[PDB]
Amino acid sequence: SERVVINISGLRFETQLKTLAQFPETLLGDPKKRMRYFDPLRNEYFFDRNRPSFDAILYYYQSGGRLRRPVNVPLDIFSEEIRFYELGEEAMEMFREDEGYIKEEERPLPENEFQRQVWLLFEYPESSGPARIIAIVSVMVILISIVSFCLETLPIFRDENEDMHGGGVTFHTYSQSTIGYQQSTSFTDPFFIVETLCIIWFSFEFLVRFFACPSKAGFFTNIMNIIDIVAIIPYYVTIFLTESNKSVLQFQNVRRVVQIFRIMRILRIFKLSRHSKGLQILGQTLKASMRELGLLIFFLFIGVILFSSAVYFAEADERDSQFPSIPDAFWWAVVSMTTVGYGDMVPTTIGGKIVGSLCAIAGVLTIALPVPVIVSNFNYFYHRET
Amino acid sequence: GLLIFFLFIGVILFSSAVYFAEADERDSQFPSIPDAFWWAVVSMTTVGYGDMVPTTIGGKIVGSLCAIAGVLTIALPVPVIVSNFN
Amino acid sequence: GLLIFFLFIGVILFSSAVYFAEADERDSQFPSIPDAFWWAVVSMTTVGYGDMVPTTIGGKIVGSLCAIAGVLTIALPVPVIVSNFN
Ligand SMILES: [K+]
Ligand SMILES: [K+]
Ligand SMILES: [K+]
Ligand SMILES: [K+]
């Protein structure tokens, strides 16, 4: 079992030749590659290189594959050494992964001279000046669609209709109040105009992206595309629903569904996430914190039921009890544990107040336990980008 | 900036939901979505004055979520700032 | 245990001061020191329902201090607990 001496800038290392022959494609494992570094006067291979790194390089052979970077050695210096000793692409990949680096993909255009041209200014805002323009306009349209959706609820506008003084219930007024705007081919309502324009553009982007994208299979997998769709679904579904129930009795029978889709319109806010690095980071953060986010909700649930129950019974024998039932106390318990404390429900008895005191303290600890982990994940994804 | 931005997103999201959830109530404390912005900020920062509160079951579910969302929203960017200060 | 203990100390200390500070007011919301315990806990944990509030200048100075003291009181032992959990 012939021994080999490797001198790293004066620091002496020794191993068995069979330990190095284990990996024939590396510098040290290949006689022809290491020949260049042999000093026949001293019977050693000499490398005028970084010292703190070699330990791990040699341990990789002794361990049979373990490549751990020493805590005291910078990742950029170590990786250069892994490359120098020619440990190979597999070890390198295993290293980066374990080091917290895994990326890989990129679907370019089909090389259509057309598709690749359209796709570049509809997803890569830096591809060109026009690309930016499209992105800027997209943000403006999103912001406008939000402001408009909100103004639809202002009394100055909605409180001005055919039955604003409790007179009747006009079918056109009843659906205009439910939907938020007047749907008519005449386009009299400025709100319907703004909403239609905005949805024309959202519809445009979604279409242009669906036909200029390299793959149509990994499309409805991208959360961004899902968002793009959700942003237009309400509009078209409302049209369909109103035209399929064009009578007072019918509409009244589908109003709940119509209302649900009106609320869904606010999800268009998330369209900004395509232009917000932070919103993307937040997204990555939440995806990685599902477990802790679940514990948060779970512990809060336990505390809510526990405290709601106790305060309910503690106030039960009082004529002025502010707790009609345990389920109703859930509200008070959440408002107390999160320390919001509106004051619309409060215990009035000594036992209720002892329960409330505990409820508050329990809330602070309950929330405090899982949050830090989430904050940590965010801090990680946040700097990894910064 | 992220703090203000995330809070803005949450404010609009929660103001919208609570508004519609209380809309069909004669005693609704939310005249419009923009007016609910106040309640949403007061809840997310956990101030909770109590001058505007939901009264329906759907409004209270929205409010509960709004409070929890506020704690996490603020909690995410602050630590970095605290670090810079330190 | 330290959490509960420090809170207890602060509760009694602040309940006492606010009680005496509001004592000479016909509309005092603090019937006795033990009754003020409630207000002091609700303030130190920053819940702030608003069902009991000081109305005098001295009561409000006491209340201001009570709130700040609460934040530091809770903040001291919690981190350790959060650490054990982590
Ligand atoms: K608070
Ligand atoms: K509060
Ligand atoms: K409060
Ligand atoms: K209050």
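For the numbers below, each heavy atom of this structure counts, side chains included, while hydrogens, waters and symmetry mates do not. Letters go in sequence order (proteins before strands), and every chain restarts at 1.
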Exercise. Heavy-atom distances under 4.5 Å only: say whether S276(A) touches chain B with side chain, backbone, both or neither.
Key: side chain
Exercise. Could you check if a side-chain atom of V141(A) sits within less than 4.5 angstrom of a side-chain atom of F202(A), using non-hydrogen atoms only?
Key: yes
Quiz item: Relative to chain B, which of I297(A), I266(A), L300(A) shows the most heavy atom pairs under 4.5 Å?
Solution: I266(A)
Quiz prompt | Largest heavy-atom contact set with chain B, pairs under 4.5 Å, which of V375(A), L267(A), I367(A), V335(A) | solution = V375(A)
Exercise. Check each atom of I12(B) against the heavy atoms of chain A and say whether the ones under 4.5 Å are side chain, backbone, both or neither.
Key: both
Practice problem: Under 4.5 Å heavy-atom distance to chain A, tell me which part of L76(B) shows up: side chain, backbone, both or neither. | Solution: both
Exercise. Could you tell me which of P31(B), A23(B), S15(B) has the largest number of non-hydrogen atom pairs under 4.5 Å with chain A?
Key: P31(B)
Exercise. Find the one option among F6(B), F30(B), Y49(B), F37(B) whose heavy-atom pairs under 4.5 Å with chain A are most numerous.
Key: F6(B)
Self-check item: Region of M44(B) in contact with chain A, defined by heavy-atom distances below 4.5 Å
Solution: neither
Practice problem: Side chain from CB out, backbone as N, CA, C, O: work out which of these in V71(B) comes under 4.5 Å of a heavy atom of chain A, or both, or neither. | Solution: side chain
Quiz item: Should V311(A) and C359(A) count as side-chain neighbours, where that means a heavy-atom distance under 4.5 Å?
Solution: no
Practice problem: For each of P79(B), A75(B), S83(B), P77(B), tally heavy-atom pairs with chain A at distances under 4.5 Å, and name the one with the top tally. | Solution: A75(B)
Quiz item: Between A231(A) and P234(A), which heavy-atom pair has the shortest distance, and what is it?
Solution: C-CD, 4.2 Å
Quiz item: By number, which residues in residues 151-161 of chain A have some heavy atom less than 4.5 Å away from chain B?
Solution: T153(A), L154(A), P155(A), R158(A)
Self-check item: Portion of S64(B) that has a non-hydrogen atom of chain A nearer than 4.5 angstrom
Solution: both
Quiz item: Going by atom types only, do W331(A) and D344(A) share a side-chain donor-acceptor pair under 3.5 Å?
Solution: yes
Self-check item: Worked verdict on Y181(A) versus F191(A) for ring-ring contact (aromatic ring centres under 6.0 Å, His included)
Solution: CA-CA 6 Å; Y181(A) 49 71; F191(A) 284 115; 8.6 Å; no
Self-check item: Side-chain heavy-atom pair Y312(A), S321(A) within 4.5 angstrom cut-off
Solution: no
Self-check item: Presence of salt bridge, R255(A) and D24(B), under 4.0 angstrom
Solution: yes
Self-check item: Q176(A) side chain reached by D189(A) side chain, heavy atoms, under 4.5 Å
Solution: yes
Quiz prompt | Basic-acidic side-chain contact under 4.0 Å: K353(A), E315(A) | solution = no
Exercise. Scan side-chain atoms only and decide if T55(B) and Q29(B) contain a donor-acceptor pair under the 3.5 Å cut-off.
Key: no
